[PDB]
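Protein chains in written order, with PDB author numbering: chain A, 22 to 141; chain B, 675 to 719; chain C, 675 to 719; chain D, 21 to 131; chain E, 173 to 451, 486 to 524; chain F, 173 to 273; chain G, 486 to 524.
Don't be surprised by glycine CBs; every beta carbon is placed ideally from N, CA and C.
Structure first, commentary second.
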Amino acid sequence: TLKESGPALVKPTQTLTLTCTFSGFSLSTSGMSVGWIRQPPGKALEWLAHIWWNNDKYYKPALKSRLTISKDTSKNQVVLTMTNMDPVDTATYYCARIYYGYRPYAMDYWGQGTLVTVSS
Amino acid sequence: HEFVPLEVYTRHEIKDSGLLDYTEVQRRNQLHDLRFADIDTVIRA
Amino acid sequence: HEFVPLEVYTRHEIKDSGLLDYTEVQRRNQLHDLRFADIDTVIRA
Amino acid sequence: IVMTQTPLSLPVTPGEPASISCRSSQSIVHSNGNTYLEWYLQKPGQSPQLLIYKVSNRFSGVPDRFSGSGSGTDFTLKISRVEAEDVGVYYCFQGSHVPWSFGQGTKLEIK
Amino acid sequence: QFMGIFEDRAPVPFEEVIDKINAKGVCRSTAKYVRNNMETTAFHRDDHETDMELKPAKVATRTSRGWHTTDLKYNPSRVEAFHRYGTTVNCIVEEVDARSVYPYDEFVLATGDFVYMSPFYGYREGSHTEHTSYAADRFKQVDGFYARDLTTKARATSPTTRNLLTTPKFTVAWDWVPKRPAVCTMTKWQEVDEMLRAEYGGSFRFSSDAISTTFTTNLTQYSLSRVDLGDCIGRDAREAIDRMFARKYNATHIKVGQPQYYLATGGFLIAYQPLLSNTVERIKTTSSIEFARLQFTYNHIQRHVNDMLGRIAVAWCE
Amino acid sequence: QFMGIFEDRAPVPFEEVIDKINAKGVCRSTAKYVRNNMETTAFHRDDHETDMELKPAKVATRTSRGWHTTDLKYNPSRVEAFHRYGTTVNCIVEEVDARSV
Amino acid sequence: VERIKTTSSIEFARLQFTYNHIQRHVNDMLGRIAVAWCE
């Protein structure tokens, strides 16, 4: 139910924006949270950020200075922004939904994910 | 024989015998902003 | 037979059952100037 | 808390039990008294799916072959009878303490 | 001459609580806050923004720790016959006690201010259904929080879940615990080694010679599910019974079945563990146990005389 | 920056109670009252006298009914490097309990 | 040097007195009967 939208080709040292469209839940219910995850090609999954229904955003400390996650419930979407793009960040980005509000398991439903490559 | 629980005054009676309760007064007074005002709105012009 | 003194709630328990106590609140609040401020100093200029 | 999933590659003949172990630098115990360590599986060209949550609970739609155990800083996924469809990458993920992290993940091989 | 002294209390934003105070041990010298539907900013000493250290407050008897940045109020420099304004911003931190009562949907601080939120509001497993009176953006639960004591300046190793709320006046923070295993509507009051239980007249009489007290209960057990927030009774009763049995009756008696629960007149919940020799509502409790004591007394004497006189009768007869 | 917030509670005159609030359900937007032995008038929103409706106050748990006219504090329009004063009058009506001994 | 804490309910002591009084009487009176019986 979580869509993935993002520039497939971004030049180095530029801002990147993404988008995750929901279905069957709104980021306005008392216990919804949505997280953005990254996986470099052939490397392990890497958690980046997650936002709660109340604009409580949590980032990865290494990438804290660059990531910026925002939510717009009117369009029912989450926008993940990552400034200063770096060819090391060429990877597949996933959008996940968390039931820590309701269940002890997080990241049940994943989007298909979008591959973003950093090159000129 | 059965002895039923008997008492002249309960805790509720003794506590309410106070003309004012500081807790109740403060509880009702500090909701003044929540009730008769809007905390969150910011008007900038 | 020996009856040991038995009581459901003490004076301390009943007094602490109160959510707020005016005496303690005022006592702590009026020390605010003594703790987080300097009463005695005078600065003239 | 950093998760260390071992071994990195686990070649296992079908029908034989398989073991994955990951360790954290610090206890993943939360103030709830629960350890939110969960195992996810990513199949080739597919979005990863949750297998196990809270160490020893199997997610809905997961067969009994997968079983988690452990505590403190050590945790172990055990597959009693590996099958053909068990091929993929396995991750152990701690959610108790922000920041969250995944392990290095282990790739299953069938011999 | 003082022509007016506007004294206000402003909350410290989260990004200043976590990044500055808890991490560096310093606090900003400017207070930027919304008051009376207007975003005001106050600069300390009418000067530029600065990071100021938090030093321990002056010692007062029977008071918790406190830290503050400025100790002297700033007043305007003298200018002849001119009204002049002077600002003083003092960043204060106070460890306080907080108290809540049933249904624990709002709690109080030791300063007499209220925070209109359940102490157990949170993010995990229904911890967001607890009552809240503030906007959702005023709350922030930092999971895995490393508290740094401002005196010893040492970071705590074990993380804790820290709720933070920015009320219009101040900002409270407290460790988060689940509601169900923390509160209880019943308190363990007494531990009775020898509680003799008898059945009579469709009622159970529990007599304790140690404290000289007799309770009367209906024949049926008490449904423990009926007690609101009754998660503590089982644990406390089990632990107490196990300790007490180990202390006294391990070598002579054995437990008989699971501990049972009965309700005694006046609102007393008795957990009873029978022994054999080797051969959703809230209960209101009366404030005076005396009646029960009387009963036991009236029982005791009565029983004895109803024995002795009876023997005399027989002794007379023969 | 706020340089001072004088907050006071003025009484509602009788003729403003029976004629206006109890009858028409509205309250005047100017508070005229005696304070510190001087007759003072506060005009809401620095404007003309007006009749304003009494709408119910926001709901609070275990609280009696309440009505108010204004929901936002009025603050002066921004003017560079000037002290500016802004008046706000909120007419409040509250059912309360009274206890005597 | 310590400050003594006093219970708020004297009733127990009163109970004791009552239980003493009756008891003493019957412990003295019944006893007579016993003697009077035996003889």
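Okay, do the region 245-262 of chain E and the region 273-282 of chain E touch, 3+ Cβ pairs below 8 Å being the bar?
In short, these stretches do not touch, since the Cβ pair count stays below three.
Considering Cα atoms alone, identify which of A/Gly134, A/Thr138, A/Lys78, A/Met53 is closest to A/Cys116.
When only C-alpha atoms are compared, the closest one is A/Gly134.
When Cβ atoms are compared, which residues of the region 490-504 of chain G fall closer than 7 Å to chain C?
Against chain C - using a Cβ distance shorter than 7 Å - the residues of the region 490-504 of chain G are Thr492, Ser493, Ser494, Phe497, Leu500, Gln501, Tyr504.
For residue 474 of chain E, write down the residues that DSSP places opposite it in a beta bridge.
Regarding the residue in question, residue 474 of chain E is not represented: chain E runs 451 and then 486, omitting everything in between.
Identify the contact partners of F/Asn262 in chain E, using a Cβ-Cβ distance below 8 Å as the criterion.
Here the premise fails: no neighbours, minimum Cβ distance about 11 Å.
If you run the structure through DSSP and keep just helix, strand and coil, what is G/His510?
The answer is helix: DSSP assigns G/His510 an H, G or I state.
Should E/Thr386 go down as buried or exposed, given a rule of 16 or more other Cβ atoms within 10 Å for buried?
E/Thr386 should be labelled buried.
Could you give the distance in angstroms between the alpha-carbon of D/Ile99 and the alpha-carbon of D/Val107?
Going by the C-alpha atoms only, they are around 12 Å apart.
Straight-line CA distance for E/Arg488 to A/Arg118?
Each residue's alpha carbon lies about 39 Å from the other.
Three-state secondary structure (DSSP) at E/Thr503?
Note: E/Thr503 maps to helix in three-state DSSP.
If contacts are defined as beta-carbon pairs under 8 Å, then C/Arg702 and E/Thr235 qualify, I think. What distance do you get, rounded to the angstrom?
Their Cβ separation, rounded to whole angstroms, is 6 Å, which keeps C/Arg702 and E/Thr235 in contact under 8 Å.
Are the CB atoms of C/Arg709 and E/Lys230 within a distance shorter than 9 Å?
In contact: E/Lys230 and C/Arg709 (Cβ atoms closer than 9 Å).
Assign F/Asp218 to one of two classes, buried (16 or more other C-beta atoms within 10 Å of its C-beta) or exposed (fewer than that).
So F/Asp218 ends up on the exposed side.
Should D/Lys74 be listed as close to the ligand PLP, given that the test is whether its C-beta is under 8 Å from any heavy atom?
This structure simply doesn't include the ligand PLP, nor any ligand for that matter.
Give me the Cα-Cα distance between C/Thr684 and E/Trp361, rounded to the nearest whole angstrom.
About 12 Å.
Between the region 23-36 of chain D and the region 71-83 of chain D, can you find at least three pairs of beta-carbon atoms closer than 8 Å?
Counting Cβ pairs under 8 Å, fewer than three are found: no touch.
Note down, in chain order, each residue of its chain lying with its Cβ closer than 7 Å to the Cβ of G/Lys490, except the 5 sequence neighbours on either side.
For G/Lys490, where only same-chain residues beyond five positions count, there are no Cβ hits under 7 Å.
Just the chain A side, please: which residues come within less than 9 Å of D/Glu58 by C-beta, in chain order?
Result: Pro125, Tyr126, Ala127, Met128.
Please return the same chain residues whose Cβ sits closer than 6 Å to the Cβ of A/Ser91, not counting the five positions on each side in sequence.
These residues qualify, in order along the chain: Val100.
Of the choices E/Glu496, E/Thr332, E/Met367, E/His510, whose alpha-carbon is the least far from that of B/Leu680?
Out of E/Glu496, E/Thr332, E/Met367, E/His510, E/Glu496 has the C-alpha closest to the C-alpha of B/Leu680.
Establish whether the CB of C/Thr697 and some CB of chain E are separated by less than 9 Å.
Not closer than 9 Å to any Cβ of chain E, the Cβ of C/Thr697 fails to qualify, so no.
With 8 Å as the C-beta to C-beta threshold (strictly closer), list the residues of the region 226-249 of chain F near chain E in chain order.
If the cut-off is 8 Å between Cβ atoms, the region 226-249 of chain F has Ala232, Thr233, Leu244, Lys245, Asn247 near chain E.
Compare the C-beta of E/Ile518 with all C-beta atoms of chain G and state if any pair is closer than 9 Å.
Yes, contact with chain G.
Could you check how far apart the C-beta atoms of C/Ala719 and E/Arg250 are, in whole angstroms? I think they sit under 8 Å.
Indeed, because the Cβ distance is near 7 Å, the residues count as touching under 8 Å.
According to DSSP, is A/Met103 part of a helix, a strand, or is it coil?
Here A/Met103 sits in strand by DSSP.
Can you name the residues that DSSP bridges to D/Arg43?
DSSP lists D/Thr24, D/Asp94 as partners of D/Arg43.
Just to confirm the assignment: which complete alpha helix (DSSP H) runs, minimum length 4, are found wholly within the region 374-429 of chain E?
Those alpha helix (DSSP H) runs which fall completely within the region 374-429 of chain E and span 4+ residues are 404-420.
Can you find a C-beta in chain F that's less than 9 Å from the C-beta of B/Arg709?
Judged by the 9 Å Cβ criterion, B/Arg709 is in contact with chain F.
Nearest by alpha-carbon distance to B/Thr697: which of E/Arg271, E/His220, E/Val261 is it?
The shortest Cα separation from B/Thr697 among E/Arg271, E/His220, E/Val261 belongs to E/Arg271.
Go through its chain and collect everything with a Cβ distance to A/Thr104's Cβ below 6 Å, but skip five positions before and after it.
Cβ neighbours of A/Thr104 beyond the five flanking positions: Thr36, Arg87.
Listed in chain order, which residues of the region 276-301 of chain E have Cβ atoms closer than 9 Å to some Cβ of chain D?
So the close ones are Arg296, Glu297.
At 4 residues or longer, and completely inside the region 226-300 of chain E: list those alpha helix (DSSP H) runs for me, N to C.
Segments of the alpha helix (DSSP H) lying fully in the region 226-300 of chain E: there are none.
Residues of chain J with CB closer than 8 Å to the CB of E/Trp348, please, in chain order.
The chain labelled as chain J is not found among the protein chains of the depicted structure, namely A, B, C, D, E, F and G.
For F/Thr213, write down the residues that DSSP places opposite it in a beta bridge.
The partner list for F/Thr213 (beta bridge, DSSP) reads F/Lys204.
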